[PDB]
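Novice: Got a structure for you, final_25.cif, holding mmCIF, C-alpha atoms.
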```
data_work
loop_
_atom_site.label_atom_id
_atom_site.label_comp_id
_atom_site.auth_asym_id
_atom_site.auth_seq_id
_atom_site.Cartn_x
_atom_site.Cartn_y
_atom_site.Cartn_z
CA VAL A 8 81.31 112.70 68.94
CA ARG A 9 83.69 115.25 70.45
CA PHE A 10 80.81 117.74 70.89
CA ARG A 11 78.27 115.29 72.37
CA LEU A 12 78.34 116.31 76.04
CA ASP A 13 75.54 118.87 75.73
CA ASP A 14 74.29 118.42 79.32
CA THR A 15 76.92 119.13 81.98
CA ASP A 16 74.45 119.01 84.87
CA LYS A 17 75.81 116.64 87.50
CA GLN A 18 74.57 113.06 87.41
CA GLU A 19 73.39 111.15 90.47
CA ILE A 20 76.06 110.57 93.10
CA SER A 21 74.88 106.96 93.35
CA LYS A 22 75.57 106.51 89.62
CA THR A 23 79.09 107.97 89.94
CA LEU A 24 79.98 105.85 92.96
CA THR A 25 78.62 102.70 91.29
CA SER A 26 80.90 103.20 88.27
CA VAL A 27 83.87 104.16 90.46
CA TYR A 28 83.40 101.08 92.66
CA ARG A 29 83.31 98.77 89.63
CA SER A 30 86.43 100.31 88.11
CA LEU A 31 88.27 100.03 91.43
CA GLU A 32 87.37 96.32 91.55
CA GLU A 33 88.52 95.70 87.97
CA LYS A 34 91.94 97.24 88.75
CA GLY A 35 92.45 95.01 91.79
CA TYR A 36 91.81 97.59 94.52
CA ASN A 37 89.81 97.32 97.70
CA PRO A 38 87.01 99.62 96.47
CA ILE A 39 85.64 100.59 99.88
CA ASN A 40 89.10 101.54 101.18
CA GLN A 41 89.89 103.75 98.18
CA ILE A 42 86.50 105.50 98.34
CA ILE A 43 87.00 106.14 102.07
CA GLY A 44 90.45 107.52 101.24
CA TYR A 45 88.98 109.97 98.72
CA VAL A 46 86.33 111.12 101.19
CA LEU A 47 88.96 111.62 103.94
CA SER A 48 91.35 113.52 101.66
CA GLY A 49 89.43 115.22 98.85
CA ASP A 50 92.24 113.97 96.60
CA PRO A 51 91.11 112.34 93.31
CA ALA A 52 94.45 110.48 93.15
CA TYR A 53 92.84 107.83 95.37
CA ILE A 54 90.72 106.88 92.32
CA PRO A 55 92.33 105.25 89.25
CA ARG A 56 91.99 106.74 85.77
CA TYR A 57 90.61 103.43 84.41
CA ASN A 58 87.26 103.65 82.62
CA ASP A 59 87.04 107.39 83.41
CA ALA A 60 86.68 106.73 87.16
CA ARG A 61 88.87 109.64 88.28
CA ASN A 62 87.25 112.01 85.77
CA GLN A 63 83.83 110.92 87.06
CA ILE A 64 84.72 111.80 90.66
CA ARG A 65 86.03 115.21 89.45
CA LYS A 66 82.52 116.13 88.21
CA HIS A 67 81.49 116.41 91.87
CA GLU A 68 82.89 118.24 94.87
CA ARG A 69 83.85 116.33 98.01
CA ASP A 70 81.67 118.50 100.24
CA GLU A 71 78.69 117.71 97.97
CA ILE A 72 79.40 113.99 98.33
CA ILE A 73 79.73 114.30 102.12
CA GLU A 74 76.37 116.09 102.30
CA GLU A 75 74.64 113.26 100.43
CA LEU A 76 76.35 110.63 102.60
CA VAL A 77 75.13 112.43 105.73
CA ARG A 78 71.56 112.91 104.46
CA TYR A 79 71.29 109.29 103.31
CA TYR A 80 72.59 108.01 106.67
CA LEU A 81 70.29 110.16 108.83
CA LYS A 82 67.18 109.25 106.76
CA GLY A 83 68.02 105.53 106.93
CA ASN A 84 68.59 105.78 110.71
CA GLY A 85 65.18 107.35 111.50
CA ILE A 86 65.42 111.12 110.82
CA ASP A 87 62.52 112.65 108.84
CA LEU A 88 64.56 115.21 106.81
CA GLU B 6 60.45 97.89 112.75
CA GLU B 7 63.35 98.08 115.21
CA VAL B 8 63.39 99.51 118.72
CA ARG B 9 66.47 101.38 119.96
CA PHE B 10 67.64 100.21 123.38
CA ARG B 11 69.22 102.35 126.09
CA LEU B 12 72.38 100.43 127.00
CA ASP B 13 74.90 100.87 129.80
CA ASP B 14 77.74 103.36 129.44
CA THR B 15 80.30 100.53 129.32
CA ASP B 16 78.84 99.53 125.96
CA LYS B 17 80.52 101.13 122.96
CA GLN B 18 78.83 104.26 121.65
CA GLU B 19 77.09 103.40 118.37
CA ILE B 20 77.55 105.95 115.59
CA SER B 21 73.88 105.61 114.63
CA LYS B 22 72.83 106.81 118.09
CA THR B 23 75.43 109.60 118.15
CA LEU B 24 74.59 111.11 114.78
CA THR B 25 70.80 110.94 115.15
CA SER B 26 70.97 112.39 118.69
CA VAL B 27 73.33 115.15 117.51
CA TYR B 28 70.92 115.96 114.67
CA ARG B 29 67.92 116.20 116.98
CA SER B 30 69.84 118.36 119.48
CA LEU B 31 71.07 120.74 116.77
CA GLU B 32 67.52 121.04 115.41
CA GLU B 33 65.93 121.59 118.83
CA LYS B 34 68.42 124.37 119.71
CA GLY B 35 67.79 126.17 116.39
CA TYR B 36 70.98 125.41 114.46
CA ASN B 37 71.17 124.24 110.83
CA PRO B 38 71.77 120.56 111.61
CA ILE B 39 73.07 119.20 108.30
CA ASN B 40 75.37 122.21 107.85
CA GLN B 41 76.98 121.85 111.30
CA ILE B 42 77.43 118.08 110.92
CA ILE B 43 79.17 118.67 107.56
CA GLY B 44 81.40 121.21 109.31
CA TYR B 45 82.41 118.55 111.82
CA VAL B 46 82.95 115.89 109.14
CA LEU B 47 85.20 118.17 107.07
CA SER B 48 87.26 119.49 110.01
CA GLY B 49 87.26 116.90 112.78
CA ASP B 50 86.55 119.80 115.16
CA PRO B 51 83.97 118.98 117.89
CA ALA B 52 83.30 122.71 118.29
CA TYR B 53 80.92 122.55 115.30
CA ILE B 54 78.62 120.53 117.62
CA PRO B 55 77.06 122.29 120.65
CA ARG B 56 77.53 120.95 124.15
CA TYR B 57 73.71 121.18 124.49
CA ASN B 58 71.99 117.89 125.41
CA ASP B 59 75.35 116.02 125.41
CA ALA B 60 75.73 116.42 121.63
CA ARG B 61 79.42 117.37 121.73
CA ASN B 62 80.15 114.72 124.38
CA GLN B 63 78.74 112.07 122.03
CA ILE B 64 80.68 113.23 118.95
CA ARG B 65 83.89 113.13 121.01
CA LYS B 66 83.40 109.37 121.53
CA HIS B 67 84.42 108.88 117.87
CA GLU B 68 87.24 109.88 115.55
CA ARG B 69 86.57 111.74 112.30
CA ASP B 70 87.86 108.84 110.19
CA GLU B 71 85.58 106.38 112.02
CA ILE B 72 82.54 108.52 111.25
CA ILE B 73 83.54 108.87 107.59
CA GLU B 74 84.16 105.12 107.27
CA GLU B 75 80.68 104.33 108.62
CA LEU B 76 79.00 106.94 106.38
CA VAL B 77 80.66 105.42 103.28
CA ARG B 78 79.99 101.80 104.27
CA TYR B 79 76.33 102.51 105.09
CA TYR B 80 75.79 104.28 101.72
CA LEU B 81 77.44 101.57 99.56
CA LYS B 82 75.50 98.77 101.32
CA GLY B 83 72.13 100.57 101.32
CA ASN B 84 72.36 101.49 97.62
CA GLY B 85 73.28 97.90 96.62
CA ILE B 86 76.73 98.93 95.28
CA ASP B 87 78.81 96.57 97.49
CA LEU B 88 76.65 93.41 96.96
#
```
Step by step, read the file and then write its structure as structure tokens.
Specialist:
Amino acid sequence: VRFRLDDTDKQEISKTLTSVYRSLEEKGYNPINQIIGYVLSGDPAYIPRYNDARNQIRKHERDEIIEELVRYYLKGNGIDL
Amino acid sequence: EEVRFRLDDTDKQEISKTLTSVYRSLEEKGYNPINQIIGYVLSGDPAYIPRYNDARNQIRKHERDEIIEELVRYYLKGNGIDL
């Protein structure tokens, strides 16, 4: 199963952040605080290695995550994007 | 169905009003609105926002980390990740 990952297209940001949030909770962290820390810093060290959470965040770029956060916020607050 | 109210200036500036107003001002003046907002969010520099239509004045009512905190909290709540 070493050669299984035959689709390296990025998955949905919502799927990544769901798994990262759950892993943060299991390890006893405040998940919202650690996710804010990653977005402020761009540093994956804010995310634990448990259950591949840090490797999952590394599949994305921070500026890509910020763009989705901004688009989601504006749409939910009344902007027709 | 929710109406936005124009409050007094002594009321705290709400981030939802700032960011939507900044977007509409950037768009009306011909900038790329998402791109300039990302520039602000990455840098903390109000100069990515034009002074036009009080856009820069509104972004200066907040700190970069306050805007990022609200963006994250709004996303996690809206997508059902936090509850």
Novice: Evaluating the PyMOL selection byres ((chain A) within 9 of (chain B)) on the displayed file yields which residues, as number ranges by chain?
Specialist: A: 21, 24-25, 28-29, 38-40, 42-43, 46-47, 70, 73-74, 76-81, 83-86
Novice: Could you check the closest approach to residue 17 of chain B for each of B:82, B:72, B:67, B:37 and tell me which residue wins, using all atoms listed in the file?
Specialist: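 The answer is B:67, which sits nearest to residue 17 of chain B.
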Novice: Using the chain letters and numbering of this document, enumerate as a PyMOL selection string the residues selected by the PyMOL selection byres ((chain A and resi 55) around 10).
Specialist: chain A and resi 27+30-31+34+36+41+51-54+56-62
Novice: Once the PyMOL selection byres ((chain B and resi 61) around 12) has been evaluated on this model, what residues remain selected, and can you format them as a count of residues only?
Specialist: 28
Novice: To one decimal place, how far is atom CA of residue 9 of chain A from atom CA of residue 33 of chain A in Å?
Specialist: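 Distance reported for this atom pair: 26.7 Å.
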Novice: Do you have the atom CA of residue 8 of chain B-atom CA of residue 71 of chain B distance handy?
Specialist: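 We find that atom CA of residue 8 of chain B and atom CA of residue 71 of chain B lie 24.2 Å from each other.
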Novice: To one decimal place, how far is atom CA of residue 69 of chain A from atom CA of residue 16 of chain A in Å?
Specialist: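 Separation of atom CA of residue 69 of chain A and atom CA of residue 16 of chain A: 16.4 Å.
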Novice: Got a sec to check which residues sit within 10 Å of (80.7, 116.7, 89.2), counting all atoms listed in the file, and write them as a PyMOL selection string?
Specialist: chain A and resi 15-20+23+62-69+71-72
